[PDB]
Every structure is written in structure tokens, then in C-alpha cells.
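Only one structure is covered here, and it is reproduced in the block below.
We did not get these values from a lab; they are worked out from the coordinates using the rules stated. Counting neighbours? That spans all protein chains shown, and the Cβs are built from the backbone with ideal geometry, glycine included.
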Number of protein chains: 2
Amino acid sequence: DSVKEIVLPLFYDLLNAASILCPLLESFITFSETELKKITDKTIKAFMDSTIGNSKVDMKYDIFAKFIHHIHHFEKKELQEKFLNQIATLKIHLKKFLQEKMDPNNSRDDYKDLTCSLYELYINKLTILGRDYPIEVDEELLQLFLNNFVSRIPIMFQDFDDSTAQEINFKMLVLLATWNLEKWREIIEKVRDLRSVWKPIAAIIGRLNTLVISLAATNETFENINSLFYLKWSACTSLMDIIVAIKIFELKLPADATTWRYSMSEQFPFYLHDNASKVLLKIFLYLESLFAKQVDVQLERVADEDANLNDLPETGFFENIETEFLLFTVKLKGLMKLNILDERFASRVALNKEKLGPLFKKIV
Amino acid sequence: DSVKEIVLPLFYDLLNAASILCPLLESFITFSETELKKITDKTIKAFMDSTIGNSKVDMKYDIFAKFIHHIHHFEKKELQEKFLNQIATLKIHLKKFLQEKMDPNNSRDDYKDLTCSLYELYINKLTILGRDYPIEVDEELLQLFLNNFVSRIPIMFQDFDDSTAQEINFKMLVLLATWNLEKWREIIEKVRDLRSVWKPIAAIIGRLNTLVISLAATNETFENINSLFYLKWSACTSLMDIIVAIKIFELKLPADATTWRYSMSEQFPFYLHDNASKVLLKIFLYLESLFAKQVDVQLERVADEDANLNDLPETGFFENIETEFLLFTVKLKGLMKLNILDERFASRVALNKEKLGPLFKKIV
């Protein structure tokens, strides 16, 4: 029921936010299928016309996310087609932006403003759409994103402030990989029976491994430390999510897909590089310490842990530290159970299991 | 996709609330269509075992609300039947509750604890279910609720604390009335072309007018004033929502539906009693003055207006006053456009329209 499930919730979201989307709210405040087409068109136009920040900072992100989600569930052919049109447009514009504005030959130095535009105009919008709609990107575009942006974060990073770092995340890469696995699942389930099937996913995992490793080699300062740990965590989390996905995809392959299973070990010599694994543990340790400070618990530590960790600075980047610490632990448990992590890593995770509450204890 | 739309969101919601719902999260912390009916059974069990408070105070309310919503949208016949059984069961136990514990013949005096049980065990859960599932109640149950609880709030009111007041709402009544209109609308629509079809809707509107009037006659104290205005606001908003729903049903009748148009004029003498309309205006006035304090403007008033409005205590009942004020006004504009409110009321609503920021001005 479009009025109960789409139009009214939008109207209430807008009303609550106002106390770009003014002409939308303005429109509702007059009047008294052809109708729905016109509200949806106006809303889609605001979405495409706006800059959308990180949800922690911009109420527009969740307003559009909920609306697009409800539209999707309404399952009306003409509306699905409109959103697929928008995803196509966003990718055309993103490709141009990366080629021109983030060209490594460019002398322009303004990494903080470029990174902001990248996310506010393109990456946040496609990340919202890709929750419900399939998103796919050609090799050219994926390569531009990985080379012109992702690989360059650690040199751009000296220019960032905290709110720019906060915008950066890699959920779009996770989404791209999970939709790609999903396309293959169908082909493999109902093909049954190859050189570069894995190329885009292997490119993404390859790049996240290297980014994690380079961020760890960046010098920590009082000024950059919170944002640097946020970026590490962000890249570690997305990398974990992609590994788990691929691994699970693999477990859901039929016994007679033996060519498929071979091509994966052929094309993924590792999922997690050992040096990236070191940074995973460091981030587990960071969140452990933040969580412990929060609950006034004194942690045990193996001899050689960063003494940074004993009085970390306070951080605006993690608002629910418990959820995040727990969420990160649960993902590390995934990897343990798939044998991606070394037993030494398993031991350290469990070291403080008596001290951090009964939920953490159960997880381990 | 059940795991993507139902199971994972439930797991994350639990996880995030954990930082009687332990045994659910615990199941998730262990393992890796038959499984879905099973999770639905375990979650229904927890839902039925729990006491569910007001959403601002109890995280279980939104947790179960979202799970139930996702289950309904999945539209599997066997899952729908589980929730219809739960609705039938709640109704039976609510009828028993009202007969036994809230019988006016009863010597028990503990109305605050009884009203809490009423909402925590029965009313909150049927309200959650009624968002997606048709809730309908027979005459006996409706009369028990209206006689044994609703019409008695003004005398129970002296025993209440703030957290008990905050728990009372009349949403289930609005939902009862709107499901009833949906049912007529469908029949009118599919069949085409009445002596007591309006009886339950009329009973509800009947009772909400009397309650609003009775609450207005209740003596205010420094102690009870926040909770009193809250109950009055709560009854007024439920009443306005029902009136608007009925009016919209009327307006949507086919012009050859003469027997239908006649039955509404004839079984609805009035929608809003004059004495109840006085209370609507007092509540607009209350919300207007809370908003004005918030923004530090001095309001213009009518010559005889209650100066008390100038010196209102702060309230925890409305922690987004601006939105609440704007929402109440939107509903008033609706009743104005249906010709339920008179020019005096309309003039007063507009009095301070130059002073309360651009959105109120635009609405007015």
C-alpha cells in the first residue's frame, strides 16, 4: 500500500528532519499511480541533485535510504527501471570524476575536498542504491576507483581532517563483490558442467590488503591518530566481509563444480595477507582497549603490545564502541572458523574473555 | 531473501541491544524454510514471554516491530497464520485481564501497576501486530476496554506516576477503526451497488470525546501537570486521526453510494464535540508555548488567555517539541479543511505564525 508504506513515512521523515528537501516538504504542505509517479520523480530528482554526507552527520542519508528501500519492496516494474537508470548515471559521472579530478597526473592538491565530493556526490548514493539494487561496474571503472582513489589514500591522508576521514568507507566494494558472487552463484547452480571470472573480486581483495598494510606504516601523531585507526578499521572490516562472503559462496557450491573450485584456488593464492593479518589484530586490540576504558576494566596483555593502548585518546569515530567491538569480534570468529587466522591470533582474542561481560565471553 | 531481509537484521538488532532476549542471541552466537519457521517460533515465544514497554524506554518494542514487519512483507502463508494465532491469543487474554483485574467492582486499588500490565502484556503487542495485520475486536472486548479502562482513566489518574502516564496511548483504537474502514472500502470496491455498520467506530469516537472532556475537568497540580497534558494530547491525537480517517473514507465514496453516504450522517451526529474542541485548542496552546520557550519568543495571546501558558515546566514527555508542535498543527489544518473546526480556532492557530520560524508559517 503505497500511501501507508511509501508516501506517509517519507512525509514524516521530512517533517522531522526540517526541525534541497524543502521543495519536497513544501509540496506536501499544499494539495489536500499518476500521482505516485510524480512524487517519486520529485524525490528521485532531489536525491540525484543533493550532496549526501555520512549518516552520522547528514540526516538526508537515512531519509533517502528508507525511501529507496520502500520503493524497491513495492516491486513496481517502472520504478525498478527508474532506479536502475539512476545507478547507470551515477556510474557515468563517477567515471568522469575519477578520470579528471582524481587523475594522478593532476597538480591539484585538494585531497580533502575531492574525497568529500567523491563520497557526497557518488559513492554514498551508489552505496545506498546497492543495498537493494544490483550494482556492477566495468573493469575500467573499477580500476579507476582502485588506482585513482583507494591506492592513494595513504598519500592523500596528510591532507585529511577528521570529518573527511569519517566519510571514507568501503561498503560499495563489498556490495560490488557480493552482487558479483550472486551473479555467479546462479550461473554455476544452473550451468554446472574461465580465466578471469575472479578478476574484479581478486582486484578488490588485493587492493584492501595493500591499503591495510600501507596504513599501518603511516606515522601516528596526536592529530592523525583517531582518523588513522578509523580508516584501518574501515578497510579491515570491508576486507573481512568480502573474505567471509567468497568463503561462504564457495561452501555453497555443488559437489560437481570442481572446475569452479579449482579456478578460485588458482586465482586467490591468499585471501588475507599475513601482514594485513597483523593490522587486524592491532584493530581488535584498539577496540578492546576502548571498550575496556568504557567499562573500567583492566586488561591483560601479552608482553609486546603497543603502550599506546593503555591510554588511547578519546574518539568521536566510534559512538557505540561495545557494538563495534562485539561486531568486530564476531567477524574475527568467522575467519577463525574458516581457518584464515593463526591460532596465536585465536589465543589473544580469548585472553580477556573473563573480563568483558558475558556476551563477549560467549562469542569466544 | 529471508536471511538478508529477516534473519541478519534481527541478529544485528539483538547484538546492538545487548549492549529473555539472551536465549535468542545465544542461538545466533553458536550455529552457522524449516529453519525460518523455527526462528519465527523462537522469536514469537520471546515476544509472548516479554513485557514490552513504550518504545522510548524499551528497546524490545522496535526490535519486535521490525521483525514482525519483515515477516509480514515476506508474505509466506504459514508465517502469517502464526501471527494471526498470536493476535487471537492476545485478545482472549486481554478480555480476561479486563474482566478480572480491571472490573470496576473490584476492591483492588493499584491502577498504576494494572495499567502498566495492561500495556506491557497486551496493548503494546497488539498495537505492534496491528500495524501489518488486520486487528478486529468483538463488541464484548471493545466495550470491556472502553468501559473498564478508557472511561476510567480520569479516576485512575491520581494513582499514576510519569512513566505510567507515558505508557498510555490510543493507537490500537485508531488501528481498530482504520482496519474497519479498510474492510468496508474493499467490499464497496469489489462488490458495488447498513443499520449498525458504524457501531464500533462510533463507540470509540464517542468515548474519546468524553475522555478528552473529562481530562480537562481534572484538577491540575504542580506534580501531575506534565502527565496530564500528555494524556490529553494523546487522546486528542488519536481522536483527530480517527476523524480524519472516517472523513477521507466518506470523501472517497462513489456518488451513487447514497445508502452509504446516508448511513454516516445518520450514525455520526457529531465527530468532535464542542467541549472536546476546546481541549484541542488548549493542547495546541500548550505545544505552542513549549515550542516558544524552546526558541525564546514571546507569544501574542487572546485577551482572556490563560497566563499559566507563560510559565510552563519542562517536560520529558515531548523530547522533540518542534516536530510534535508541527505535527499537531498539520492535523489541525486537516480538520480545518474538512470543516470540523471553526474560524475562531483557525484565527488563534494563525496568531503567532510570523514568530515561530519558516515552517510553521508555511503550514499556516
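With N counted as the residues of region B:89-179, its alpha-carbon radius of gyration over 2.2 N^0.38 Å works out to 1.04.
Comment: the Cα-to-Cβ extended label point of B:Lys56, at 7 Å, lies 2.7 nm from its counterparts in the other copies, nearest first. Averaged over the residues of peptide A:152-160, the number of Cβ atoms from other protein chains lying within 10 Å of each residue's Cβ is 0. Of all chain B residues, the one whose Cβ lies closest to the rotation axis that maps B onto A, given with that distance rounded to whole Å, is B:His73, 3. Note on A:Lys101 and B:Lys76: their simple-model spin labels are 4.5 nm apart, each label 7 Å out from Cα toward Cβ. A label point on A:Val191, set 7 Å along the Cα-to-Cβ line, lies at 5.6 nm from each of its counterparts in the other copies, closest listed first. Computing FRET efficiency as 1/(1 + (r/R0)^6) for A:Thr259 and A:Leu338, where r is the C-beta to C-beta distance and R0 is 22 Å, gives about 0.50.
Given charges of +1 on the Cβ of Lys and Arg and -1 on the Cβ of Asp and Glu, with all other atoms neutral, how large is the dipole of region B:3-112 about its Cα centre, in debye to the nearest 20?
Details: 17 positive and 16 negative charges, 39 e Å.
For this selection, approximately 180 debye.
In peptide B:75-86, how many Cβ atoms from other protein chains are near each Cβ within 10 Å, on average?
Per residue, the number of nearby Cβ atoms from other chains is 0 on average.
Other chains near B:23-32: what is the mean number of their Cβ atoms within 10 Å of each residue's Cβ? That average works out to 2.
If you wrap the tightest convex hull around every Cα atom of the protein assembly as shown and split its volume per residue, you get 200 Å³. The separation of region B:168-198 from region B:42-92, counted between C-alpha centres, amounts to 23 Å. Label zone (B:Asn54, point 7 Å along Cα-to-C-beta; backbone nitrogen cut-off 13 Å) within region B:101-130: B:116, B:119-120. Model label points for A:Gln298 and A:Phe28, set 7 angstrom from Cα along the Cα-to-Cβ axis, are 5.5 nm apart.
Would you mind checking A:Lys77/B:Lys183; B:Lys96/B:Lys171; A:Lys190/A:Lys331; A:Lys45/B:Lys361; A:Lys232/B:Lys4; A:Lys331/B:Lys125 for any pair whose Cα atoms are more than 23 angstrom apart?
Numbers: A:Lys77/B:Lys183 28 Å; B:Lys96/B:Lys171 21 Å; A:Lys190/A:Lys331 31 Å; A:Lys45/B:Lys361 26 Å; A:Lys232/B:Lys4 27 Å; A:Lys331/B:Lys125 34 Å.
Checking Cα-Cα distances, A:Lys77/B:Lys183; A:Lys190/A:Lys331; A:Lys45/B:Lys361; A:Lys232/B:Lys4; A:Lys331/B:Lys125 exceed 23 Å.
Distance between the modelled labels on B:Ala307 and A:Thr315, one decimal in nanometres: 5.7 nm (7 Å Cα→Cβ projection). With a cut-off of 15 Å on the backbone N, the residues of region B:310-331 near the modelled label site 7 Å out from B:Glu220 along Cα-Cβ are B:310-315.
Ellipticity at 222 nm from helices only: DSSP H runs of n ≥ 4 in the protein assembly as shown, each -39500 (n - 2.57), divided by the residue count, give -20500 deg cm²/dmol. By the Cα gyration tensor, chain A has an equivalent ellipsoid whose semi-axes, rounded to whole angstrom, run 35, 27, 22 from largest to smallest. From the alpha carbon centroid of region B:280-352 to that of region A:237-294 is 57 Å. For region B:27-98, what does the alpha-carbon gyration tensor say about shape, rounded, prolate or oblate, given a ≥ b ≥ c as the root eigenvalues, a/c under 1.5 as rounded, and a/b over b/c as prolate? Oblate.
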